[PDB]
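Labels A, B, C, D, E, F, G, H, I and J are assigned to the chains in the order they are written; within every chain, residues are numbered from 1.
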Amino acid sequence: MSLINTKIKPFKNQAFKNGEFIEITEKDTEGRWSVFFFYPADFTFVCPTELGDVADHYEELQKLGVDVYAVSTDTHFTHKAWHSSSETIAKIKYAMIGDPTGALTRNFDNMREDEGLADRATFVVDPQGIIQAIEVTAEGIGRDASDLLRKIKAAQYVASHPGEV
Amino acid sequence: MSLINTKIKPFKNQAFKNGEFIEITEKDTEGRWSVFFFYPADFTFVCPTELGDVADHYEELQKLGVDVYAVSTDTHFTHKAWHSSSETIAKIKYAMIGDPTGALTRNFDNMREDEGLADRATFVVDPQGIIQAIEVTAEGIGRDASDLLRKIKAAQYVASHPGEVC
Amino acid sequence: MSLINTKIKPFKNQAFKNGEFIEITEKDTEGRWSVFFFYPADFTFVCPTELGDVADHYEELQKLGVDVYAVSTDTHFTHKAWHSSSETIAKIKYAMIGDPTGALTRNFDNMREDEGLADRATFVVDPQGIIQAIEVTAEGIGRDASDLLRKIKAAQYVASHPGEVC
Amino acid sequence: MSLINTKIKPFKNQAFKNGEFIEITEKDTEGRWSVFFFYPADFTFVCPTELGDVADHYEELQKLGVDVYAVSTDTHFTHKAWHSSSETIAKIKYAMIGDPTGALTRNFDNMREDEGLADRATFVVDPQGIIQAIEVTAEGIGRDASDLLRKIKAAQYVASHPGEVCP
Amino acid sequence: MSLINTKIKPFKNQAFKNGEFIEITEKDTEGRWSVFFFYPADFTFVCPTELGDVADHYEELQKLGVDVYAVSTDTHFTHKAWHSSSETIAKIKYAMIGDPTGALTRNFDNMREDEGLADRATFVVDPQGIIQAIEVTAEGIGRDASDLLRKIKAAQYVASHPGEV
Amino acid sequence: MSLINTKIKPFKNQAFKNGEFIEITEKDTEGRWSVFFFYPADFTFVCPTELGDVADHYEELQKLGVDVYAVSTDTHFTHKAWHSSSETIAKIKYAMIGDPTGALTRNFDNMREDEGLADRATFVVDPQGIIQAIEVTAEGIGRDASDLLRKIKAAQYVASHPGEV
Amino acid sequence: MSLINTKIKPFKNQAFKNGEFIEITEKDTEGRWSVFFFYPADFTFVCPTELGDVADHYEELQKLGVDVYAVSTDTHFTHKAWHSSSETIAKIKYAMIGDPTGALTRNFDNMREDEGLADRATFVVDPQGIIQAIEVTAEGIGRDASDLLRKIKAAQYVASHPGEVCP
Amino acid sequence: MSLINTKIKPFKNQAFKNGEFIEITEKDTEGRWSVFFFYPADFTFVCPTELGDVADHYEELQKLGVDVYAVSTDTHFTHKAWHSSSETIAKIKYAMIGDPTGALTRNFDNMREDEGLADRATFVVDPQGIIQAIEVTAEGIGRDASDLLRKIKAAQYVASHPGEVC
Amino acid sequence: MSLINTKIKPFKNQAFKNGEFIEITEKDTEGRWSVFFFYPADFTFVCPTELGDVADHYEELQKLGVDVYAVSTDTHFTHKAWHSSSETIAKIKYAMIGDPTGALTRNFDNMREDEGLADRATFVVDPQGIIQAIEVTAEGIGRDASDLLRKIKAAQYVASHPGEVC
Amino acid sequence: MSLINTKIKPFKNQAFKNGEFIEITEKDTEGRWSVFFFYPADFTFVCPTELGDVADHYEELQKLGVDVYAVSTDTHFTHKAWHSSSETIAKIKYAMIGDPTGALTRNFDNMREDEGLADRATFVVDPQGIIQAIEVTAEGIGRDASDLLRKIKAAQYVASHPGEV
């Protein structure tokens, strides 16, 4: 069963945003365009260029009315530490959702069951809750924020201009 | 339960390639970089720019040693007809897999159950059979062949030089 | 679990008829004599004379108040293309039902499970929805349209005047 | 889930042929073209001309190597009685299979559940056991034996000349 | 579980009563004494003297208010043919129930499952529906109508007079 | 499921045979024709002429090679007391099987579950163990030993001569 | 999981008392001291002196307000016959409960499964239904009726004088 | 499921006997006449005369070759303390089985489920392990030891000479 | 599945306290700081220093408003006997709960199933009924009443001033 | 069911020790005294005095032949970061096991299912694998390493001197 064109499942998670800690539910995504940016773990040796690339477009994303949610199986406490410790993660102004239970990760069928870590996946969600775009890659393959931005612009176009030759 | 980083399931399908009918199995994808390009239906009123953009990069894809498989729920007979009817589909030099059973579409968890059509999804499969990249979009949202090309080059780099960075 | 003398199961399909796309449900068959003509696939190398025969008798079938529905597992978009391509399929004035899900095909128990195509079967359905005649043949064995007319006329005579046989 | 292009299921039924009782199994259909002619019941008020029209073409069917099997939910004892006191059934040279259990009838998905009787169905079976043609009609609609004869000749043609379309 | 002293199950079968086709249900047996006479098949080489012996006592059975039902897995069309073909079966004025489904046969647990035929059984049913007497015999062993008549006379005596010392 | 034309189930019961206590099993019935005569209880106010009628034909039954077994839910101790108390039961020379467990009664599906007594049933068993004739009657209706004798004579004829036209 | 100090389960059995058949339920034991005397079978070769010794003390038991119930897996018809043709059973003034189903026997966990007979057990039941004394013996070991009489008198003493130890 | 005339279930318990701790299993009861004397608890306000009676007849019981086992849900450590405390319990020369698990108590179906104590029950067990006599009484009703001796002597007579009663 | 930070299950037990028998329920622990001190058995040869050490701090525990409940699988009758027999157990001013059913022991998941005795475990329960501290040791390893006292003072501090540090 | 006096369940976890990363299985605890020190999460605002107290006794623990395993649901990457970031955690010379799957945490029945974090528990394990001491506290209640040290010394004494008055 594909997760495309389906409504997102309810959740309640603690997150880090700009300093300090906030709580995010599925109620917060209502009437808003949402991006769920899943990544394995904090403090890994892999370059955090994927997250920093989104941070560079975040001002343009907020202009388009798009909320960004970076999610991992690490705690929100770890997100705060990684925000202060890493050079690139300091640019992150959007929410960094901690998912220690993995309930939100499992809502998007994105758990490495044997590792206990999220897969490298990105979800574009419309105001209705329906998933419009899915993008999953393996370890080492980078996700372009420019192509993500292009996809959102195309998704917002279909919503306003439904059905055309 | 995620489809990423898993070996592809065996299949047996009929396809259309450059005026000839050929049978493609999972054996044909072995030892080869493969791209499974799923799309809804033939002869629709939607612009065929998604499949045409892949055709433009196909020579560059064959240069990297990558096979391209365009798959839909239509028959391979329909693919031959669509290759002769449309101006953009005439450029398609790669294989056009016909999947009437939907078995190949079900293998990649990419079936619109109540429509009987494949979703707009792209899969990048390494020579071992493991899926490295998944890209799914809803009807209307276009897929970029240039970003697909970038991902394959990035996937081949990690396959060649693993453990480096950063 | 014999299919004969049972009411037809509800359906919702897209169809092509005279340069127009229409939606056909089980409601459209109500109060009318219907004929469901199933066939494998569009754009095949097999001679399309079976559909051509029904086209020749269609004027006579409409005269008896009988609706003809040609059903295939192909999309309704594919049917339009086939109407413009073949000389024999151009003669088709009746509706060409597209059944990508195979829901309507499985309703009449007529799906080639491992092939994903409809079998060569013809169904005669009365105004009530009850199936009166079933004719299934393998690939190659032709279906006679003039014998179908004989069967429909006989079915209409039994409906009008019950208990008038020996 | 359709019954077309599938091998026939094994059966063991008693039959009546030319004044003698014989037992027929799936082994008897092996290597032979077989036609299974199903009908509701014996001693019905409806014309037995459907079976009689097959009996007229039976000479031609035997020359083609086609065996005819008339199947009913009645006993083989009943078939003997219907053979004796009927003008049209007296012409039957082929076997009249009795199916009191309804096992053979259910093999072809041809049972009226509420009536306990077979439906008006004709099946064309090749030497391998694979079903090539199915014809099912309701009470009143007659089955054409000369059209059945045409179908068998067409089924034999594709068997000897495989995939000969169109040209 | 025993079939004796239990109410008969509902049924709807077509039958042949001297020249005419009728339909018999569990409703027809109500308020009346009933005898269900099961037998293998019509047009068998075995002697039909079982049904002929019941036919001789049938006039006395109607005087006692007892309805007789002859049941087999053959159709009611076959019962008519057997009536006007055999001299012994021609004496039958009682109803000949046809049971092609075997629903009535299975109600009395009397079906030869591998043969699709009824066993040689006789059931005596009172106005209430309760079975009072059961007699089952194997193929070849005959049943006596004179003994059956005696058993019904005794059953009607017990029904009218409760307790006998 | 019908009890007719099936092999009898194994049993081990104590019995009373004219003056002495014996034990009867399924082994004793083998190679011999057997008649199992079931009845409610000993010392009842109902007429014991059912068992007395069988006792009169018992000498002829032994000439035919038929063993008679009278079974009830009473103990074998009770059968002895009933033998030397009633003039009709005193005529019994055949075995009187006591079945306090009801195991043998349940083998023939003949137990009145709420009463704990046997129904009025008679079973005819051949040397192989196969039941050939069943006769069950409700409380009050009598069984005839003369008809029973006739049924055994017919059963032995069919066993020796297969197929009768 | 022991049966001591538990209320007796409901029952409906036929009994024999002084030439007349009566029906006894759990309602009849209400507000009355009850003794359930179980034994294997009627017409056994073993002495019926166990029942006879209870019959001798029955006059004293009735004065204390104690009802005696003799239970057997035999029918109430059998109890009448054993009452008529026995010297010791003729002295029985109390009820002789028949338990052909074994339902009452199973209520006291006193059934020999392989024999279908009750075991040699005696139960002392108070007006509330609560079991106060259980005595089960094997075939051969006699049950003392005068000791049973002592137990009932002791059971009545703790009922009227609750928790009077030692002093 | 009557407990009478059934073999005793295996057990492994610690016991106190004559200033010594010993382990008693079902093996120790084999080939010997055994008596299992169950009682609620140690150090109760209830008069310990029931155990005192068995102590007085113990010499006579050992003369008949009968072993006496007094079982309680208390520990074997508690039994030692009770042997030193009470004047009546000091007379106990037989083994006092401690059953904290209640395994041996549940074997004889003698557990007060909601109280966690053994009921007042006496069991006579033959050399084979078969239970011959069961006597259960409620709190307050005394158990007679002299009537127990009568029951054991009767049980031994039946074992020696079967079928010698009327 | 951990027992920590959960509300205690209801119980009804008989206990011995200062020469008197009293019934203790979960109602008695309400609004009160409670310590459930589990131990194997009475009258053992193991040094009773664990229970004696708690008795030394009992006056200091009552000063903090803490109730102490010593629990074992033995009867409350045995506790009275052990209070009079032992020199160290004579100091016990707190309640000694008798748990013959083992129901209270099962509530705290602290039963040696094959021994029928409680394990060496200490539980600290706040006025709300929530367990704040669990300490379990195998036979032989001693429990410190001073560290227990430290934990209760630390538990009362967090209850008073939550959210502070560091 | 209590976890006291039971053998530890098999596991395979990645850990941080002294720099750098190692893998620990149940095979590594064989023939050695082990301490499993569970704690909720890394980078929390709670003072890490519990872990630092054990670090002060670690030299004495290694003298007694005791291995210390600090476990949390955080990754081993996070453990390395927290080792470098925190003043007290820099003293940690023993292994810091990362348990993102929570499999090792669930082996000791120590998971806060709704939080996805380990409870505050300490386990003393002998060379055989058998758990000798369990110590669980709530948030805010400190665990004394001196009392832990005393318990281990007592546990090692019982192993060498088994059974005494």
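The rule is simple: a contact is a pair of C-beta atoms (placed from the backbone, for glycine too) under 8 Å apart; a residue touches a chain by one contact, two chains touch by 3 or more.
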So chain B and chain C: same face meeting same face, with over half the numbers shared, or different? same
Where are there more C-beta contacts: C-D or F-G? C-D
Rounded Å distance between chain F and chain H, as computed from the means of their C-alpha atoms: 50
Taking each chain's centre as the mean of its CA atoms, chain E sits from chain J at a distance in Å of 84
Please list all residues of chain H that touch 2 or more other chains. none
Hey, how would you classify the chain contact layout here, line, ring, star, complete or other? ring
Please trace the ring of touching chains beginning with chain H, moving first to chain I, and write out the chain order. H, I, J, A, B, C, D, E, F, G
Once bound in the complex, which stretches of chain F touch chain E? 1-5, 45-47, 109-112, 119, 121, 130-142, 144, 147, 150-151, 154-155, 157-158, 164-165
In the complex, chain E residues that touch chain D: 41-45, 73-75, 77-78, 80-82, 85, 99-103, 114-117
